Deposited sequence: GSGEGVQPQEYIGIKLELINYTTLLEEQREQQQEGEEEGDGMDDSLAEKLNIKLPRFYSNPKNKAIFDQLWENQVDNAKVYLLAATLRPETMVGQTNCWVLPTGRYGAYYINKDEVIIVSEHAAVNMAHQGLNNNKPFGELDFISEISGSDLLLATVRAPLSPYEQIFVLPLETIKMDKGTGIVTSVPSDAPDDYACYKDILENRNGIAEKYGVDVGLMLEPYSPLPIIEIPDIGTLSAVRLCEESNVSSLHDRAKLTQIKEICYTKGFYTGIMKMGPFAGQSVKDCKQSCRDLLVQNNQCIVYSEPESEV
């Protein structure tokens, strides 16, 4: 099985500010130009490792490219150790070492010999947490990197996509953060009103006999934990594939089975993903 690695672009607020130059002056208050300090610190560190000016992407493995228009956020292990690498010129990805190794055994380095890495610097989960990325296919102009304590640095890239409308586990954690369950939002310094409230789950797929926010509907009507979660994930992933109909995105009106391969190809044409494989 091939993994689709979604290129989540770490937003460069410096570039944007040196491009936003090519109301309020009437006593009507609105947000000052937003800037994310976690993004800046990652860049400052990359600078002090001679990266010049390059595009930087968190890479998040997914087996479900059709759900990509429903991203509300993404997940990193708060204690995870990630690394910054070159894949080619002018382009840097942040992944687990496990992923970078498995990516070197299929020649995806910056012209380096087989199996060797193009290491730049180490990035901790702490540094990544509460950063903002540009998520491909999502209507959201940016999303936040959020904490998932159950991420395994030995599977995928250590970064996971979040589609709460159609992944029960995604929704459970998302909802846990939103309502500060057991103080979990405070523990990681999450500004809930800025980082979650504007990014509600999206009606991307309609499953006949259930509806559009299936993971949400089933989760809320079963009042949600792990055994019920595996059960709903079974319905969502199975019924989703066989009966699911896209309601959002460029393939709206098409079924999930038919446009699954199609969303893959669009991601590659957009250069918004990296396709790889693992044992």
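Asker: Numbering from 1, run down the deposited sequence and write out every stretch that has no C-alpha in the structure.
Answerer: 1 to 8, 31 to 46, 249 to 252, 308 to 311 are the stretches of the deposited chain that have no C-alpha coordinates in the structure.
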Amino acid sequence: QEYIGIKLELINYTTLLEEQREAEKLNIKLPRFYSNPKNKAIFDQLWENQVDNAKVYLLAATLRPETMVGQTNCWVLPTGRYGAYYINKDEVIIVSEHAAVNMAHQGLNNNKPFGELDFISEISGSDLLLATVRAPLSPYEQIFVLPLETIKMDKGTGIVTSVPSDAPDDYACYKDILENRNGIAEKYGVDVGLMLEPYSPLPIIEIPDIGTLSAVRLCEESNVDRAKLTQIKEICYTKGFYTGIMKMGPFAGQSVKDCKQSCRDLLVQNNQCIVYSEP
From here on, numbers count along this sequence of modelled residues.
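Asker: Once you work out the mean C-alpha B-factor for both 12 to 20 and 257 to 265 from the entry, which is higher?
Answerer: Per the PDB record, 12 to 20.
Asker: Please compare 184 to 192 with 103 to 111 and say which has the higher mean C-alpha temperature factor in the record.
Answerer: Comparing 184 to 192 with 103 to 111, the higher mean C-alpha B-factor belongs to 103 to 111.
Asker: For the C-alpha B-factor as written in the entry, point me to the maximum among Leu58, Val69, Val216, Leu46.
Answerer: Going by the entry's C-alpha B-factors, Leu46 comes out highest.
Asker: Based on the PDB record, which member of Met246, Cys236, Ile210, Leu229 exhibits the highest Cα temperature factor?
Answerer: Among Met246, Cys236, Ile210, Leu229, the highest C-alpha B-factor in the entry belongs to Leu229.
Asker: Relative to the other modelled residues of the same chain, rank the CA B-factor of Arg134 and answer lowest, middle or highest third.
Answerer: According to the entry, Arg134 has a C-alpha B-factor in the chain's lowest third.
Asker: Consider only the C-alpha atoms of the modelled residues in this chain, order them by B-factor as the entry records it, and name the third containing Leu117: lowest, middle or highest.
Answerer: For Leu117, the deposited C-alpha B-factor lands in the highest third.
Asker: C-alpha B factor of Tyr199, ranked within the chain: lowest, middle or highest third?
Answerer: Lowest third.
Asker: Thinking about Cα B factors across the chain, which third does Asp170 belong to?
Answerer: Tercile = lowest for this residue's CA B-factor.
Asker: Which third of the chain holds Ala84 when residues are ordered by C-alpha B factor: lowest, middle or highest?
Answerer: Within its chain, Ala84 is a middle-third residue by C-alpha B-factor, going by the deposited values.
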